[PDB]
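Residue-level structure breakdown
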Amino acid sequence: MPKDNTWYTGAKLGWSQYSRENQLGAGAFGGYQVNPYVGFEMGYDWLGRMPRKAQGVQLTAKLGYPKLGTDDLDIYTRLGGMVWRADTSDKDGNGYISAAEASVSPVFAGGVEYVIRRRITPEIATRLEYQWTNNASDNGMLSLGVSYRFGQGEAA
(Lines give C-alpha, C1' and ligand atoms only; values in the text may rest on other atoms or scores of the structure.)
Protein backbone atom coordinates (compact mmCIF):
# COMPACT_ATOMS: atom_id res chain seq x y z
CA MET A 1 0.00 0.00 0.00
CA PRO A 2 2.66 2.76 0.82
CA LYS A 3 4.28 2.02 -2.59
CA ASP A 4 3.90 3.34 -6.20
CA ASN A 5 3.09 7.05 -6.56
CA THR A 6 3.17 7.47 -2.76
CA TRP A 7 4.41 10.29 -0.49
CA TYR A 8 7.64 10.35 1.58
CA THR A 9 7.56 12.82 4.52
CA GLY A 10 10.35 12.50 7.14
CA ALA A 11 12.58 14.28 9.68
CA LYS A 12 16.31 13.62 10.25
CA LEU A 13 19.47 15.08 11.83
CA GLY A 14 23.02 14.90 10.44
CA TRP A 15 26.59 15.71 11.48
CA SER A 16 29.50 16.44 9.12
CA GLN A 17 33.23 15.64 9.05
CA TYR A 18 35.34 18.56 10.39
CA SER A 19 32.38 20.99 10.84
CA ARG A 20 34.29 24.18 11.78
CA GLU A 21 31.13 26.26 11.13
CA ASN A 22 28.20 26.14 13.60
CA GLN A 23 25.85 24.01 11.49
CA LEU A 24 23.79 20.94 12.44
CA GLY A 25 22.11 18.90 9.65
CA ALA A 26 18.56 19.27 11.07
CA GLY A 27 16.72 18.49 7.83
CA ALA A 28 13.11 17.81 6.87
CA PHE A 29 13.03 15.35 3.98
CA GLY A 30 10.01 15.36 1.68
CA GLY A 31 9.35 13.76 -1.72
CA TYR A 32 7.69 10.96 -3.66
CA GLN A 33 8.15 7.22 -4.28
CA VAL A 34 6.85 6.30 -7.74
CA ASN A 35 8.31 2.77 -8.24
CA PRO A 36 10.00 -0.15 -6.31
CA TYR A 37 13.23 1.10 -7.95
CA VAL A 38 13.43 4.95 -8.19
CA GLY A 39 11.85 7.92 -6.40
CA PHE A 40 12.60 11.58 -5.55
CA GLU A 41 13.91 12.99 -2.25
CA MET A 42 14.35 16.62 -1.11
CA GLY A 43 16.00 17.74 2.16
CA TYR A 44 15.16 21.15 3.67
CA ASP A 45 17.43 22.46 6.45
CA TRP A 46 16.62 25.98 7.70
CA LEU A 47 19.02 27.82 10.02
CA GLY A 48 16.35 29.58 12.14
CA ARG A 49 19.16 31.04 14.31
CA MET A 50 20.68 34.04 12.46
CA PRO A 51 18.15 36.82 11.42
CA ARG A 52 18.51 35.63 7.77
CA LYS A 53 16.60 32.79 6.04
CA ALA A 54 19.54 30.40 5.57
CA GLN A 55 17.65 27.77 3.58
CA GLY A 56 19.98 24.83 2.78
CA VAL A 57 18.06 22.49 0.46
CA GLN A 58 19.15 19.25 -1.24
CA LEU A 59 17.48 17.73 -4.30
CA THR A 60 18.30 14.03 -4.79
CA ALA A 61 17.04 11.05 -6.79
CA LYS A 62 16.82 7.86 -4.71
CA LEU A 63 17.03 4.18 -5.65
CA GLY A 64 15.00 2.21 -3.08
CA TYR A 65 16.26 -1.38 -3.29
CA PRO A 66 15.46 -4.46 -1.06
CA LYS A 67 19.10 -5.79 -1.09
CA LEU A 68 17.89 -9.07 0.54
CA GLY A 69 17.00 -7.43 3.92
CA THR A 70 16.64 -10.86 5.60
CA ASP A 71 14.28 -9.77 8.46
CA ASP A 72 13.38 -6.06 7.95
CA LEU A 73 15.86 -3.82 6.07
CA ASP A 74 16.00 -1.90 2.77
CA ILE A 75 18.65 0.37 1.17
CA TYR A 76 18.12 3.71 -0.59
CA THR A 77 20.89 5.41 -2.57
CA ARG A 78 20.31 9.10 -3.30
CA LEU A 79 22.30 11.23 -5.76
CA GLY A 80 21.94 14.96 -6.58
CA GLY A 81 22.81 18.48 -5.39
CA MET A 82 22.63 20.59 -2.20
CA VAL A 83 22.14 24.34 -2.66
CA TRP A 84 21.69 27.11 -0.04
CA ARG A 85 19.70 30.39 -0.61
CA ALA A 86 19.50 29.80 -4.45
CA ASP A 87 19.94 33.57 -5.09
CA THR A 88 21.04 35.79 -2.17
CA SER A 89 20.21 39.49 -1.69
CA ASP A 90 22.40 42.52 -0.88
CA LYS A 91 21.70 45.19 -3.61
CA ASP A 92 25.06 46.66 -4.71
CA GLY A 93 23.94 50.32 -5.02
CA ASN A 94 22.30 50.32 -8.51
CA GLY A 95 23.10 49.56 -12.18
CA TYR A 96 24.10 46.31 -13.92
CA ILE A 97 25.06 43.67 -11.34
CA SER A 98 24.82 39.91 -12.11
CA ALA A 99 22.40 37.66 -10.17
CA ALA A 100 23.81 36.21 -6.92
CA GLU A 101 23.17 32.56 -7.91
CA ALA A 102 24.30 29.86 -5.46
CA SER A 103 26.09 26.75 -6.80
CA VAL A 104 25.05 23.10 -7.21
CA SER A 105 27.13 20.54 -5.25
CA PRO A 106 27.54 16.89 -6.46
CA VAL A 107 26.45 14.87 -3.41
CA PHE A 108 25.71 11.13 -3.14
CA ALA A 109 24.40 9.25 -0.09
CA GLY A 110 23.90 5.59 0.86
CA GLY A 111 21.11 5.17 3.43
CA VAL A 112 19.49 2.15 5.10
CA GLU A 113 15.92 2.00 6.42
CA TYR A 114 13.99 -0.29 8.79
CA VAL A 115 10.19 -0.30 9.25
CA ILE A 116 8.85 -0.61 12.83
CA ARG A 117 7.68 -4.21 13.46
CA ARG A 118 5.58 -3.21 16.51
CA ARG A 119 2.73 -0.61 16.99
CA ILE A 120 1.76 0.35 13.40
CA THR A 121 4.50 -0.72 10.93
CA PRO A 122 3.09 1.54 8.09
CA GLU A 123 3.94 4.67 10.11
CA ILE A 124 7.69 5.52 10.35
CA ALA A 125 10.86 4.06 8.86
CA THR A 126 14.04 4.39 10.96
CA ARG A 127 16.73 5.59 8.56
CA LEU A 128 20.51 6.04 8.73
CA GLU A 129 22.03 7.77 5.70
CA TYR A 130 25.71 8.37 4.91
CA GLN A 131 26.18 11.48 2.77
CA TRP A 132 29.43 11.77 0.76
CA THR A 133 30.93 14.32 -1.63
CA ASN A 134 33.70 13.95 -4.28
CA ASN A 135 35.88 10.76 -4.59
CA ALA A 136 38.19 8.86 -2.15
CA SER A 137 38.15 9.63 1.64
CA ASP A 138 36.86 13.18 1.14
CA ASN A 139 34.00 14.59 3.33
CA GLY A 140 31.21 12.58 4.97
CA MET A 141 28.00 13.44 6.83
CA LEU A 142 26.15 10.97 9.10
CA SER A 143 22.41 11.71 8.88
CA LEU A 144 19.88 9.75 10.97
CA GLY A 145 16.10 10.03 11.54
CA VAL A 146 12.61 8.71 10.74
CA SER A 147 10.38 8.98 7.65
CA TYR A 148 6.58 8.76 7.71
CA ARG A 149 4.55 7.27 4.85
CA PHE A 150 2.38 9.88 3.07
CA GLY A 151 1.91 12.32 6.00
CA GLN A 152 -1.81 13.22 5.81
CA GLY A 153 -1.21 16.38 7.91
CA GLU A 154 0.90 17.83 5.06
CA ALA A 155 3.01 20.45 6.89
CA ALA A 156 3.98 23.02 4.22
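Residues numbered from 1 in each chain as written, not as in the entry; some residues may be left out. Heavy atoms only, no water.

The record lists solution NMR as the method behind this PDB entry.

**Details of the pairing of strand 5 (residues 74–84)**
Relative to strand 5, strand 4 (residues 54–65) runs antiparallel, the two being bridged by ten bridges. Of the residues in strand 5, the one forming a bridge with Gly-64 is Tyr-76. Two elements, strand 5 and strand 6 (residues 106–115), share eight bridges in a ladder whose sense is antiparallel. In the sheet register, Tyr-76 faces strand 6, and the bridge partner there is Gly-111. (Pairing = 2+ DSSP bridges. Helix = DSSP H or I, 4+ residues; strand = E, 2+ residues; numbered from the N terminus.)

**Looking at the layout of surface pockets**
There is about 880 Å³ of room inside the largest pocket. Lining the largest pocket are 35 residues, with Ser-16, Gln-23, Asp-45, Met-82 and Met-141 sitting closest to its centre. At the level of elements, strand 1 (6–16), strand 2 (25–33), strand 3 (38–47), strand 4, strand 5, strand 7 (124–133) and strand 8 (139–149) are the ones that each hand at least two residues to the lining of the largest pocket. No other element matches the five residues that strand 4 contributes to the lining of the largest pocket. When grouped by side-chain class, the residues that make up the lining of the largest pocket number twelve nonpolar, 18 polar and five charged. Forming the boundary of the second largest pocket are 24 residues, of which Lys-3, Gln-33, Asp-74, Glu-113 and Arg-149 lie nearest the centre. Secondary structure elements with two or more residues in the lining of the second largest pocket: strand 4, strand 5, strand 6 and strand 7. Class assignment of the residues belonging to the lining of the second largest pocket gives a composition of twelve nonpolar, four polar and eight charged. (1 Å grid on protein atoms, 1.4 Å probe; cavity = no way out; pocket = protein on both sides within 12 Å on 5 of 7 lines; lining within 4 Å. Points joined across faces, edges and corners; volume = space filled by probe spheres on them. Nonpolar A, V, L, I, M, F, W, Y, C, P; charged D, E, K, R; others polar.)

**Details of the sheet that holds strand 4**
Strand order in the closed barrel made by the eight strands is 1-2-3-4-5-6-7-8, with antiparallel pairing throughout. Taken over all neighbouring pairs, the strand axes of this sheet differ in orientation by 25° on average, direction set aside. (Axes fitted to C-alpha atoms, helices over the stretch in contact; angles between N-to-C directions.)

**Thoughts on the environment of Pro-2**
On the secondary structure map, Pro-2 appears in the segment before strand 1. In this structure the C-alpha to C-alpha distance between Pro-2 and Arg-149, which are 147 residues apart in sequence, comes to 6.3 Å.

**Describing the pattern of salt bridges**
One pass over the structure, following the stated rule, counts five salt bridges. We note a salt bridge from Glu-129 to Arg-78, for which the minimum N-O separation is 3.2 Å. Here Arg-78 lies in strand 5 and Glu-129 lies in strand 7, a separation of 51 residues in the sequence. Here the two residues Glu-129 and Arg-78 agree in accessibility, since each one is buried. Taking the shortest distance from any N to any O, the salt bridge between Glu-113 and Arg-127 comes out at 3.1 Å. Residue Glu-113 is found in strand 6, and its partner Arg-127 is found in strand 7; the two are separated by 14 residues along the sequence. (Salt bridge = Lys/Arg side-chain N within 4 Å of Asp/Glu carboxyl O. Buried < 20%, exposed > 50% of the residue type's maximum accessible area, 1.4 Å probe, protein only.)

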